[PDB]
file structure_25.cif (mmCIF, C-alpha atoms)
data_protein
loop_
_atom_site.label_atom_id
_atom_site.label_comp_id
_atom_site.auth_asym_id
_atom_site.auth_seq_id
_atom_site.Cartn_x
_atom_site.Cartn_y
_atom_site.Cartn_z
CA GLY K 1 2.09 20.24 -3.28
CA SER K 2 2.08 17.66 -6.07
CA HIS K 3 -0.43 14.82 -6.23
CA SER K 4 -1.17 11.51 -7.84
CA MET K 5 -4.06 9.23 -8.75
CA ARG K 6 -3.41 5.49 -9.19
CA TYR K 7 -5.61 2.53 -9.96
CA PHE K 8 -4.31 -0.93 -8.97
CA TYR K 9 -5.76 -4.03 -10.67
CA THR K 10 -5.07 -7.59 -9.53
CA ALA K 11 -6.40 -10.60 -11.46
CA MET K 12 -5.82 -13.97 -9.86
CA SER K 13 -6.61 -17.38 -11.22
CA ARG K 14 -7.57 -20.16 -8.82
CA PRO K 15 -7.99 -23.36 -10.83
CA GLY K 16 -10.63 -25.63 -9.40
CA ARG K 17 -12.01 -22.82 -7.22
CA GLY K 18 -14.07 -20.81 -9.70
CA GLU K 19 -13.21 -18.17 -12.22
CA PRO K 20 -10.28 -15.77 -11.70
CA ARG K 21 -10.92 -12.97 -9.22
CA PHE K 22 -10.57 -9.34 -10.33
CA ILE K 23 -10.01 -6.58 -7.74
CA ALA K 24 -9.67 -2.87 -8.54
CA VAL K 25 -8.78 -0.14 -6.04
CA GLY K 26 -8.33 3.58 -6.64
CA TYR K 27 -6.14 5.96 -4.64
CA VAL K 28 -5.56 9.68 -4.51
CA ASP K 29 -2.06 9.99 -3.02
CA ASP K 30 -2.09 7.73 0.06
CA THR K 31 -5.90 7.73 0.38
CA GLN K 32 -7.98 4.88 -1.03
CA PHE K 33 -11.31 6.09 -2.43
CA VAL K 34 -12.93 3.31 -4.50
CA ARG K 35 -12.86 -0.48 -4.76
CA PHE K 36 -14.36 -3.21 -6.95
CA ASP K 37 -14.27 -6.93 -6.12
CA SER K 38 -15.63 -9.50 -8.54
CA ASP K 39 -16.37 -11.97 -5.68
CA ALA K 40 -18.78 -9.51 -4.05
CA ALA K 41 -22.43 -10.49 -3.80
CA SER K 42 -23.32 -7.53 -6.04
CA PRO K 43 -20.10 -6.57 -7.88
CA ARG K 44 -19.78 -2.81 -8.30
CA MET K 45 -17.42 0.10 -7.86
CA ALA K 46 -17.99 1.16 -4.27
CA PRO K 47 -16.94 4.21 -2.23
CA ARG K 48 -14.09 4.00 0.27
CA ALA K 49 -13.77 7.70 1.18
CA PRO K 50 -16.45 10.28 2.10
CA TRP K 51 -15.62 12.87 -0.58
CA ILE K 52 -16.29 10.40 -3.41
CA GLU K 53 -19.79 9.46 -2.18
CA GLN K 54 -21.35 12.56 -3.75
CA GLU K 55 -20.61 11.31 -7.28
CA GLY K 56 -23.73 10.74 -9.38
CA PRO K 57 -25.30 7.52 -10.65
CA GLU K 58 -23.69 7.84 -14.07
CA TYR K 59 -20.30 7.82 -12.33
CA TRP K 60 -20.86 4.60 -10.39
CA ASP K 61 -22.52 2.98 -13.41
CA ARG K 62 -19.64 3.80 -15.73
CA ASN K 63 -17.02 2.73 -13.19
CA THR K 64 -18.92 -0.49 -12.42
CA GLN K 65 -19.48 -1.30 -16.10
CA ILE K 66 -15.83 -0.83 -17.03
CA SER K 67 -14.87 -2.98 -14.02
CA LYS K 68 -17.34 -5.73 -15.00
CA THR K 69 -15.94 -5.79 -18.54
CA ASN K 70 -12.40 -5.86 -17.07
CA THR K 71 -13.29 -8.90 -14.99
CA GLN K 72 -13.94 -10.87 -18.20
CA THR K 73 -11.04 -9.42 -20.19
CA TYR K 74 -8.57 -10.17 -17.41
CA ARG K 75 -9.91 -13.73 -17.32
CA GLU K 76 -9.20 -13.90 -21.05
CA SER K 77 -5.73 -12.42 -20.50
CA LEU K 78 -4.77 -14.95 -17.81
CA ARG K 79 -5.66 -17.75 -20.24
CA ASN K 80 -3.63 -16.05 -22.97
CA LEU K 81 -0.57 -15.50 -20.74
CA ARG K 82 -0.71 -19.08 -19.50
CA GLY K 83 -0.41 -20.08 -23.14
CA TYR K 84 2.41 -17.62 -23.89
CA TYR K 85 4.49 -19.43 -21.28
CA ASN K 86 3.34 -23.03 -21.93
CA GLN K 87 2.02 -23.21 -18.37
CA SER K 88 -0.37 -25.89 -17.19
CA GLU K 89 -3.94 -25.39 -16.04
CA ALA K 90 -3.09 -26.50 -12.50
CA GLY K 91 -1.23 -23.43 -11.20
CA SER K 92 -2.63 -20.10 -10.07
CA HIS K 93 -1.23 -16.96 -11.65
CA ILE K 94 -1.56 -13.22 -11.11
CA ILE K 95 -1.72 -10.25 -13.44
CA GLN K 96 -1.13 -6.95 -11.68
CA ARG K 97 -1.59 -3.55 -13.21
CA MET K 98 -0.98 -0.02 -12.00
CA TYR K 99 -1.81 3.12 -13.96
CA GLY K 100 -2.43 6.77 -13.26
CA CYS K 101 -1.09 10.31 -13.28
CA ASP K 102 1.12 12.67 -11.27
CA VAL K 103 0.20 16.38 -11.27
CA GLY K 104 2.25 19.29 -9.95
CA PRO K 105 0.86 22.06 -7.74
CA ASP K 106 -0.66 23.80 -10.78
CA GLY K 107 -2.58 20.62 -11.60
CA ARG K 108 -0.65 20.17 -14.86
CA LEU K 109 0.31 16.60 -15.80
CA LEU K 110 3.85 15.70 -14.73
CA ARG K 111 3.74 12.18 -16.13
CA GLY K 112 1.49 9.22 -16.68
CA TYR K 113 1.99 5.53 -15.87
CA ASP K 114 0.74 2.18 -17.02
CA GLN K 115 2.49 -1.06 -16.20
CA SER K 116 1.77 -4.71 -15.75
CA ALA K 117 3.34 -7.69 -14.06
CA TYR K 118 2.80 -11.42 -14.36
CA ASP K 119 3.34 -13.46 -11.18
CA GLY K 120 5.27 -10.52 -9.70
CA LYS K 121 7.68 -9.92 -12.61
CA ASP K 122 7.62 -6.93 -14.93
CA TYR K 123 5.74 -7.85 -18.08
CA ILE K 124 4.84 -4.78 -20.16
CA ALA K 125 4.97 -1.07 -19.36
CA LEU K 126 3.92 2.03 -21.27
CA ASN K 127 6.98 4.21 -21.87
CA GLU K 128 7.09 7.71 -20.39
CA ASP K 129 6.27 9.20 -23.82
CA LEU K 130 2.79 7.58 -23.55
CA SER K 131 3.31 6.29 -27.09
CA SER K 132 5.52 3.16 -27.06
CA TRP K 133 5.85 -0.04 -25.06
CA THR K 134 8.63 -1.88 -23.25
CA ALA K 135 8.06 -5.65 -23.43
CA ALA K 136 10.02 -7.75 -20.96
CA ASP K 137 10.23 -10.98 -23.01
CA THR K 138 8.89 -12.64 -26.15
CA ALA K 139 5.56 -13.37 -24.43
CA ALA K 140 5.05 -9.67 -23.70
CA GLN K 141 5.90 -8.89 -27.35
CA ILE K 142 2.69 -10.66 -28.36
CA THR K 143 0.74 -8.49 -25.94
CA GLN K 144 2.58 -5.49 -27.37
CA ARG K 145 1.55 -6.33 -30.94
CA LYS K 146 -2.04 -6.85 -29.78
CA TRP K 147 -2.01 -3.45 -28.08
CA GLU K 148 -0.45 -1.61 -31.00
CA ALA K 149 -3.22 -2.90 -33.29
CA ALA K 150 -5.77 -1.97 -30.61
CA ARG K 151 -4.21 1.50 -30.24
CA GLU K 152 -3.98 0.93 -26.48
CA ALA K 153 -1.23 3.54 -26.08
CA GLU K 154 -3.29 6.27 -27.74
CA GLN K 155 -6.33 5.53 -25.56
CA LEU K 156 -4.20 5.53 -22.42
CA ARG K 157 -2.46 8.76 -23.45
CA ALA K 158 -5.85 10.40 -23.98
CA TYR K 159 -7.01 9.14 -20.59
CA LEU K 160 -3.80 10.12 -18.77
CA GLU K 161 -3.78 13.65 -20.17
CA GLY K 162 -7.57 14.08 -20.07
CA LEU K 163 -9.83 12.30 -17.57
CA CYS K 164 -7.05 11.29 -15.13
CA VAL K 165 -5.89 14.87 -14.54
CA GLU K 166 -9.39 16.37 -14.66
CA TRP K 167 -10.89 13.95 -12.16
CA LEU K 168 -7.83 14.19 -9.93
CA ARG K 169 -8.30 17.99 -9.88
CA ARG K 170 -11.95 17.41 -8.99
CA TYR K 171 -11.12 14.83 -6.31
CA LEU K 172 -8.55 17.14 -4.74
CA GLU K 173 -11.12 19.93 -4.52
CA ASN K 174 -13.91 17.77 -3.08
CA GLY K 175 -11.61 16.16 -0.53
CA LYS K 176 -9.48 19.24 0.07
CA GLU K 177 -10.04 19.17 3.86
CA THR K 178 -8.27 15.77 4.03
CA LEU K 179 -6.36 15.26 0.76
CA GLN K 180 -4.74 18.72 0.95
CA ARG K 181 -4.29 18.72 4.76
CA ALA K 182 -0.80 17.62 5.78
CA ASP K 183 -0.87 16.31 9.36
CA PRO K 184 2.52 16.69 11.08
CA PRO K 185 4.07 13.74 12.94
CA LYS K 186 3.96 13.56 16.70
CA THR K 187 7.56 12.86 17.69
CA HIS K 188 9.57 11.70 20.73
CA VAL K 189 12.75 9.75 21.52
CA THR K 190 13.04 6.60 23.65
CA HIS K 191 15.94 4.89 25.38
CA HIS K 192 16.16 1.07 25.78
CA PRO K 193 19.31 -0.19 27.53
CA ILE K 194 20.81 -3.26 25.88
CA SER K 195 23.72 -3.90 28.24
CA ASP K 196 25.97 -2.05 30.63
CA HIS K 197 27.72 -0.20 27.79
CA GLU K 198 25.12 0.29 25.05
CA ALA K 199 21.51 1.35 24.67
CA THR K 200 18.99 1.76 21.84
CA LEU K 201 17.74 5.23 20.90
CA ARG K 202 14.49 5.12 18.93
CA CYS K 203 12.99 8.15 17.15
CA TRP K 204 9.21 7.94 16.72
CA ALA K 205 6.82 9.65 14.27
CA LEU K 206 3.07 9.09 14.64
CA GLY K 207 -0.15 10.42 13.20
CA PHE K 208 1.28 11.98 10.06
CA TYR K 209 -0.21 12.22 6.58
CA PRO K 210 0.78 11.79 3.81
CA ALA K 211 3.08 8.75 4.34
CA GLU K 212 6.15 10.52 2.86
CA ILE K 213 8.60 11.39 5.66
CA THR K 214 12.35 11.61 6.38
CA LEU K 215 13.67 10.14 9.65
CA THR K 216 17.42 10.15 10.24
CA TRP K 217 19.89 9.81 13.08
CA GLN K 218 23.08 11.84 13.24
CA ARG K 219 26.25 11.35 15.29
CA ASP K 220 28.13 14.68 15.64
CA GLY K 221 26.20 16.06 12.68
CA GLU K 222 27.08 12.99 10.60
CA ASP K 223 24.45 10.68 9.15
CA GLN K 224 24.24 7.18 10.60
CA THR K 225 22.70 5.60 7.52
CA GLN K 226 24.47 2.25 7.75
CA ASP K 227 23.75 1.93 11.49
CA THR K 228 20.07 3.04 11.60
CA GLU K 229 17.31 0.45 11.74
CA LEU K 230 14.34 1.89 9.82
CA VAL K 231 10.98 0.15 10.08
CA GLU K 232 8.76 0.29 7.03
CA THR K 233 6.19 3.07 7.24
CA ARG K 234 2.96 1.55 8.49
CA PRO K 235 -0.68 2.70 8.52
CA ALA K 236 -2.36 3.58 11.81
CA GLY K 237 -5.82 2.72 10.45
CA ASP K 238 -7.19 6.27 10.79
CA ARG K 239 -5.62 7.56 7.50
CA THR K 240 -2.36 8.52 9.31
CA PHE K 241 0.98 6.63 9.33
CA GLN K 242 3.75 5.69 11.75
CA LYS K 243 7.50 5.12 11.49
CA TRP K 244 10.57 4.85 13.66
CA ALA K 245 14.36 5.02 13.30
CA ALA K 246 16.62 3.39 15.88
CA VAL K 247 20.36 3.55 16.55
CA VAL K 248 22.54 1.79 19.14
CA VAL K 249 24.76 4.16 21.06
CA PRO K 250 27.58 3.72 23.58
CA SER K 251 26.14 4.41 27.02
CA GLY K 252 27.03 7.98 27.99
CA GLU K 253 27.42 9.18 24.39
CA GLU K 254 23.68 9.86 23.96
CA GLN K 255 23.88 13.61 23.44
CA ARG K 256 26.10 13.28 20.38
CA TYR K 257 23.01 11.79 18.65
CA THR K 258 20.22 13.82 17.03
CA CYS K 259 17.06 12.68 15.27
CA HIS K 260 15.95 14.72 12.28
CA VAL K 261 12.38 14.77 10.96
CA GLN K 262 11.15 16.36 7.74
CA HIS K 263 7.46 16.20 6.88
CA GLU K 264 5.16 18.40 4.79
CA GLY K 265 2.92 19.11 7.81
CA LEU K 266 5.78 20.47 9.90
CA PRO K 267 6.22 24.25 10.09
CA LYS K 268 9.99 23.70 10.50
CA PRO K 269 12.09 20.53 10.22
CA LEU K 270 12.67 18.99 13.63
CA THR K 271 15.77 18.09 15.63
CA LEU K 272 15.19 15.88 18.69
CA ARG K 273 17.48 14.48 21.39
CA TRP K 274 16.87 11.92 24.09
CA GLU K 275 15.49 13.91 27.06
CA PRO K 276 16.18 11.96 30.30
CA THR Z 1 -12.38 7.61 -12.48
CA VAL Z 2 -11.21 4.42 -14.19
CA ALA Z 3 -9.80 4.36 -17.69
CA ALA Z 4 -11.93 2.72 -20.35
CA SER Z 5 -11.58 -1.07 -20.55
CA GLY Z 6 -8.40 -1.94 -22.42
CA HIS Z 7 -7.64 -4.76 -24.80
CA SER Z 8 -6.89 -8.27 -23.57
CA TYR Z 9 -3.23 -9.20 -23.07
CA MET C 1 8.40 -18.42 -10.19
CA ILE C 2 9.52 -16.15 -7.36
CA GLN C 3 7.70 -15.89 -4.01
CA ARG C 4 8.20 -13.36 -1.23
CA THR C 5 7.59 -13.91 2.42
CA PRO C 6 5.59 -11.36 4.50
CA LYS C 7 7.02 -8.76 6.79
CA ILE C 8 4.88 -8.37 9.92
CA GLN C 9 4.44 -5.45 12.31
CA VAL C 10 2.19 -5.58 15.39
CA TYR C 11 1.32 -2.24 16.97
CA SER C 12 -1.59 -0.14 18.19
CA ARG C 13 -3.25 2.81 16.49
CA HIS C 14 -2.65 5.06 19.51
CA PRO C 15 -0.12 4.74 22.39
CA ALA C 16 -1.20 1.91 24.70
CA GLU C 17 -3.09 3.04 27.83
CA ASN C 18 -4.52 0.30 30.06
CA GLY C 19 -8.28 0.69 30.41
CA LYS C 20 -8.71 2.91 27.33
CA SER C 21 -10.13 1.72 24.01
CA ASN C 22 -7.68 1.55 21.11
CA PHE C 23 -7.08 -0.40 17.89
CA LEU C 24 -4.73 -3.35 17.45
CA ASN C 25 -2.96 -3.47 14.06
CA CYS C 26 -1.23 -6.30 12.21
CA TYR C 27 0.34 -5.01 9.00
CA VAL C 28 1.66 -7.60 6.56
CA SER C 29 3.64 -6.42 3.56
CA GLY C 30 6.21 -7.49 0.98
CA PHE C 31 4.56 -10.83 0.25
CA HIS C 32 3.80 -12.53 -3.06
CA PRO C 33 1.51 -14.19 -3.99
CA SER C 34 -1.48 -12.53 -2.35
CA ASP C 35 -3.10 -15.48 -0.51
CA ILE C 36 -2.39 -14.91 3.16
CA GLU C 37 -3.93 -15.94 6.47
CA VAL C 38 -3.86 -13.42 9.30
CA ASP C 39 -5.40 -13.91 12.74
CA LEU C 40 -5.27 -11.67 15.80
CA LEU C 41 -4.74 -13.46 19.11
CA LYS C 42 -5.99 -12.49 22.59
CA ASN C 43 -3.89 -14.38 25.18
CA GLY C 44 -3.63 -17.15 22.59
CA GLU C 45 -7.07 -17.27 21.00
CA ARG C 46 -8.41 -16.11 17.63
CA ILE C 47 -10.41 -12.89 17.81
CA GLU C 48 -13.68 -12.63 15.92
CA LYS C 49 -14.84 -9.62 13.89
CA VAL C 50 -11.31 -8.69 12.77
CA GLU C 51 -11.43 -6.55 9.65
CA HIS C 52 -8.80 -5.85 7.02
CA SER C 53 -8.01 -3.28 4.34
CA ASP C 54 -8.56 -4.02 0.67
CA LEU C 55 -5.76 -5.70 -1.26
CA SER C 56 -3.26 -3.35 -2.82
CA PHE C 57 0.43 -3.61 -3.70
CA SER C 58 3.65 -1.60 -3.62
CA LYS C 59 5.89 -0.27 -6.40
CA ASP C 60 7.77 -3.60 -6.41
CA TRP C 61 4.48 -5.53 -6.98
CA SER C 62 4.49 -7.09 -3.49
CA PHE C 63 1.17 -7.03 -1.63
CA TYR C 64 0.21 -5.47 1.69
CA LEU C 65 -2.83 -5.63 3.96
CA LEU C 66 -3.71 -4.14 7.34
CA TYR C 67 -5.65 -6.32 9.81
CA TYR C 68 -7.28 -4.49 12.72
CA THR C 69 -9.81 -4.77 15.50
CA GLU C 70 -10.93 -2.55 18.36
CA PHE C 71 -9.72 -3.61 21.80
CA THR C 72 -8.88 -2.37 25.29
CA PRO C 73 -5.41 -3.19 26.63
CA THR C 74 -4.79 -4.39 30.17
CA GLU C 75 -1.46 -5.30 31.73
CA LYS C 76 -2.70 -8.90 31.85
CA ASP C 77 -3.91 -9.57 28.29
CA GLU C 78 -1.07 -10.33 25.87
CA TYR C 79 -1.71 -9.93 22.14
CA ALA C 80 -0.10 -11.33 19.01
CA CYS C 81 -0.61 -11.73 15.28
CA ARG C 82 -0.47 -15.12 13.53
CA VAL C 83 0.41 -15.15 9.83
CA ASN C 84 0.52 -18.03 7.38
CA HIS C 85 1.64 -17.86 3.77
CA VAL C 86 2.90 -20.27 1.13
CA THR C 87 6.46 -19.13 1.86
CA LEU C 88 6.11 -20.10 5.55
CA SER C 89 6.67 -23.66 6.78
CA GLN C 90 4.54 -23.12 9.88
CA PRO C 91 2.35 -20.19 10.92
CA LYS C 92 4.43 -17.33 12.24
CA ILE C 93 3.36 -15.52 15.41
CA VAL C 94 4.54 -12.00 16.24
CA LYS C 95 3.72 -10.71 19.70
CA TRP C 96 2.60 -7.15 20.40
CA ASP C 97 5.63 -5.62 22.15
CA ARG C 98 4.01 -2.60 23.78
CA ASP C 99 6.90 -0.20 24.54
#
call {"tool": "encode", "arguments": {"input": "structure_25.cif", "output": "structure tokens"}}
result
Amino acid sequence: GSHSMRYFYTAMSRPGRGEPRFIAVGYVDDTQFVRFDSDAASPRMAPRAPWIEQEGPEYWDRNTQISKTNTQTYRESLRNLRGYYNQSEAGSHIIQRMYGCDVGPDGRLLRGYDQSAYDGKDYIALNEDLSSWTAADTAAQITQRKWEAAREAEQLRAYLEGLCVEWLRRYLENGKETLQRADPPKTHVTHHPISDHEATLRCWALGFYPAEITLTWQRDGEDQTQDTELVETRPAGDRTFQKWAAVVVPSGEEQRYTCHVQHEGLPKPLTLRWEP
Amino acid sequence: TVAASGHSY
Amino acid sequence: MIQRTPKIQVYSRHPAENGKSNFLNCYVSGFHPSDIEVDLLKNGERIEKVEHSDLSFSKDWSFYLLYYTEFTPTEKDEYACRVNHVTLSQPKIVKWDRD
């Protein structure tokens, strides 16, 4: 239905081990499609999905040029931030940035994002109005004043409402056979005895895309939220994802427990029981 | 496609 | 400065079937900072030609990577993933628990 494009920038200093490394990756929803790595032998924006390969030389040149410039600016910014916090030259530090757009099923912009973190902590974020900034501390206020004078917010707003949405529309059309194909999970329930009186029921979902899914156990129609172990959704390596939910039941009470599965690729939501 | 290079922090 | 130790999952791309080719995955997530050492172990030994996804991060700024290699499971061979990170006192080994 709805979709998103996000770019993720990480800039990492490594004192005594060369200049800071700059890595950029681009995603459409849960699919990576480009990457740039400043340590590469020949640094350039490079394809990571088939449907982006068809883009012309001016595309890869623009994306590589912007990324090369970013490599130097982020090196400047790490030096600046180290100063804002009176930090020494010995430690390694990390700027992270995420930005992009969400579009609804009509392809209209739902909202844009731009936000930054320093060493894992929120630093500065563009507000939802795409016009003002939230600075996290007095260091970030300096960055905010720099960006107001540079009209950063106006450039990002123009990008987020223009190129971001347009190219996302174009990416969704060119990769429509994968990006707009929802693969349903393969499901089943397993039974692992723990003792004479209890056993583990585990509800499995495999091979689904996109990663968004709902896996829940019920006891007598009642949700077992507190008592369900949920593993983090993990990638299979072939674009699809996996997940499981597990609950420990009194032996002999198994059939009071149901696993419920909602996913966009499912015709109908699923209800599964342990089948001995 | 990437946004244009932004200003330094 | 806050650091975050990695979560580790060891699993196969497809359901394990002895004799049939598959992929072995080691997925490390929730860690910060991004320097991390991940090796895949066959019966105890590092495996060559292991690849890994490009570095990205989650909404909460913590990093994740997927390490993978092709392999063929037998009942004999036991596999594991060995992770080291600044948060970890010694390398941490997670065995592939098939079922």
call {"tool": "resolve_selection", "arguments": {"input": "structure_25.cif", "expression": "the PyMOL selection byres ((chain K and resi 109-120) around 6)", "output": "VMD selection string"}}
result
(chain K and resid 93 to 103 108 121 to 126 160) or (chain C and resid 61)
call {"tool": "closest_atom_pairs", "arguments": {"input": "structure_25.cif", "of": "chain C", "to": "chain K", "cutoff": "12 Å", "atoms": "all atoms listed in the file", "output": "JSON lines"}}
result
{"residue": "C:1", "atom": "CA", "partner": "K:119", "partner_atom": "CA", "distance": 7.2}
{"residue": "C:2", "atom": "CA", "partner": "K:120", "partner_atom": "CA", "distance": 7.4}
{"residue": "C:3", "atom": "CA", "partner": "K:120", "partner_atom": "CA", "distance": 8.2}
{"residue": "C:4", "atom": "CA", "partner": "K:120", "partner_atom": "CA", "distance": 9.4}
{"residue": "C:7", "atom": "CA", "partner": "K:232", "partner_atom": "CA", "distance": 9.2}
{"residue": "C:8", "atom": "CA", "partner": "K:232", "partner_atom": "CA", "distance": 9.9}
{"residue": "C:9", "atom": "CA", "partner": "K:234", "partner_atom": "CA", "distance": 8.1}
{"residue": "C:10", "atom": "CA", "partner": "K:234", "partner_atom": "CA", "distance": 10.0}
{"residue": "C:11", "atom": "CA", "partner": "K:236", "partner_atom": "CA", "distance": 8.6}
{"residue": "C:12", "atom": "CA", "partner": "K:236", "partner_atom": "CA", "distance": 7.4}
{"residue": "C:13", "atom": "CA", "partner": "K:236", "partner_atom": "CA", "distance": 4.8}
{"residue": "C:14", "atom": "CA", "partner": "K:236", "partner_atom": "CA", "distance": 7.8}
{"residue": "C:15", "atom": "CA", "partner": "K:206", "partner_atom": "CA", "distance": 9.4}
{"residue": "C:22", "atom": "CA", "partner": "K:237", "partner_atom": "CA", "distance": 10.9}
{"residue": "C:23", "atom": "CA", "partner": "K:237", "partner_atom": "CA", "distance": 8.2}
{"residue": "C:24", "atom": "CA", "partner": "K:236", "partner_atom": "CA", "distance": 9.2}
{"residue": "C:25", "atom": "CA", "partner": "K:236", "partner_atom": "CA", "distance": 7.4}
{"residue": "C:26", "atom": "CA", "partner": "K:234", "partner_atom": "CA", "distance": 9.6}
{"residue": "C:27", "atom": "CA", "partner": "K:234", "partner_atom": "CA", "distance": 7.1}
{"residue": "C:28", "atom": "CA", "partner": "K:234", "partner_atom": "CA", "distance": 9.4}
{"residue": "C:29", "atom": "CA", "partner": "K:232", "partner_atom": "CA", "distance": 9.1}
{"residue": "C:30", "atom": "CA", "partner": "K:232", "partner_atom": "CA", "distance": 10.2}
{"residue": "C:31", "atom": "CA", "partner": "K:120", "partner_atom": "CA", "distance": 10.0}
{"residue": "C:32", "atom": "CA", "partner": "K:120", "partner_atom": "CA", "distance": 7.1}
{"residue": "C:33", "atom": "CA", "partner": "K:119", "partner_atom": "CA", "distance": 7.5}
{"residue": "C:34", "atom": "CA", "partner": "K:94", "partner_atom": "CA", "distance": 8.8}
{"residue": "C:35", "atom": "CA", "partner": "K:12", "partner_atom": "CA", "distance": 9.9}
{"residue": "C:51", "atom": "CA", "partner": "K:237", "partner_atom": "CA", "distance": 10.9}
{"residue": "C:52", "atom": "CA", "partner": "K:237", "partner_atom": "CA", "distance": 9.7}
{"residue": "C:53", "atom": "CA", "partner": "K:237", "partner_atom": "CA", "distance": 8.8}
{"residue": "C:54", "atom": "CA", "partner": "K:25", "partner_atom": "CA", "distance": 7.8}
{"residue": "C:55", "atom": "CA", "partner": "K:23", "partner_atom": "CA", "distance": 7.8}
{"residue": "C:56", "atom": "CA", "partner": "K:8", "partner_atom": "CA", "distance": 6.7}
{"residue": "C:57", "atom": "CA", "partner": "K:8", "partner_atom": "CA", "distance": 7.6}
{"residue": "C:58", "atom": "CA", "partner": "K:8", "partner_atom": "CA", "distance": 9.6}
{"residue": "C:59", "atom": "CA", "partner": "K:98", "partner_atom": "CA", "distance": 8.9}
{"residue": "C:60", "atom": "CA", "partner": "K:120", "partner_atom": "CA", "distance": 8.1}
{"residue": "C:61", "atom": "CA", "partner": "K:120", "partner_atom": "CA", "distance": 5.7}
{"residue": "C:62", "atom": "CA", "partner": "K:120", "partner_atom": "CA", "distance": 7.1}
{"residue": "C:63", "atom": "CA", "partner": "K:120", "partner_atom": "CA", "distance": 9.7}
{"residue": "C:64", "atom": "CA", "partner": "K:234", "partner_atom": "CA", "distance": 10.2}
{"residue": "C:65", "atom": "CA", "partner": "K:235", "partner_atom": "CA", "distance": 9.7}
{"residue": "C:66", "atom": "CA", "partner": "K:235", "partner_atom": "CA", "distance": 7.6}
{"residue": "C:67", "atom": "CA", "partner": "K:237", "partner_atom": "CA", "distance": 9.1}
{"residue": "C:68", "atom": "CA", "partner": "K:237", "partner_atom": "CA", "distance": 7.7}
{"residue": "C:69", "atom": "CA", "partner": "K:237", "partner_atom": "CA", "distance": 9.9}
{"residue": "C:70", "atom": "CA", "partner": "K:237", "partner_atom": "CA", "distance": 10.8}
{"residue": "C:99", "atom": "CA", "partner": "K:190", "partner_atom": "CA", "distance": 9.2}
call {"tool": "atom_distance", "arguments": {"input": "structure_25.cif", "atom1": "CA of residue 54 in chain K", "atom2": "CA of residue 178 in chain K"}}
result
15.6 Å
call {"tool": "resolve_selection", "arguments": {"input": "structure_25.cif", "expression": "the PyMOL selection byres ((chain K) within 6 of (chain Z))", "output": "PyMOL selection string"}}
result
chain K and resi 66+70+73+77+143
call {"tool": "closest_residue", "arguments": {"input": "structure_25.cif", "among": "C:73, C:78, C:16, C:21", "to": "residue 42 in chain C", "atoms": "all atoms listed in the file"}}
result
C:78
call {"tool": "resolve_selection", "arguments": {"input": "structure_25.cif", "expression": "the PyMOL selection byres ((chain C and resi 82) around 10)", "output": "number ranges by chain"}}
result
C: 8, 26, 37-41, 44, 46, 80-81, 83-84, 91-95
call {"tool": "write_last_selection", "arguments": {"input": "structure_25.cif", "atoms": "C-alpha atoms", "output": "CSV table (one decimal), keeping the file's coordinate frame"}}
result
chain,number,residue,atom,x,y,z
C,8,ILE,CA,4.9,-8.4,9.9
C,26,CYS,CA,-1.2,-6.3,12.2
C,37,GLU,CA,-3.9,-15.9,6.5
C,38,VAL,CA,-3.9,-13.4,9.3
C,39,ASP,CA,-5.4,-13.9,12.7
C,40,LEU,CA,-5.3,-11.7,15.8
C,41,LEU,CA,-4.7,-13.5,19.1
C,44,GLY,CA,-3.6,-17.2,22.6
C,46,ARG,CA,-8.4,-16.1,17.6
C,80,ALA,CA,-0.1,-11.3,19.0
C,81,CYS,CA,-0.6,-11.7,15.3
C,83,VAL,CA,0.4,-15.2,9.8
C,84,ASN,CA,0.5,-18.0,7.4
C,91,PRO,CA,2.4,-20.2,10.9
C,92,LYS,CA,4.4,-17.3,12.2
C,93,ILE,CA,3.4,-15.5,15.4
C,94,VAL,CA,4.5,-12.0,16.2
C,95,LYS,CA,3.7,-10.7,19.7
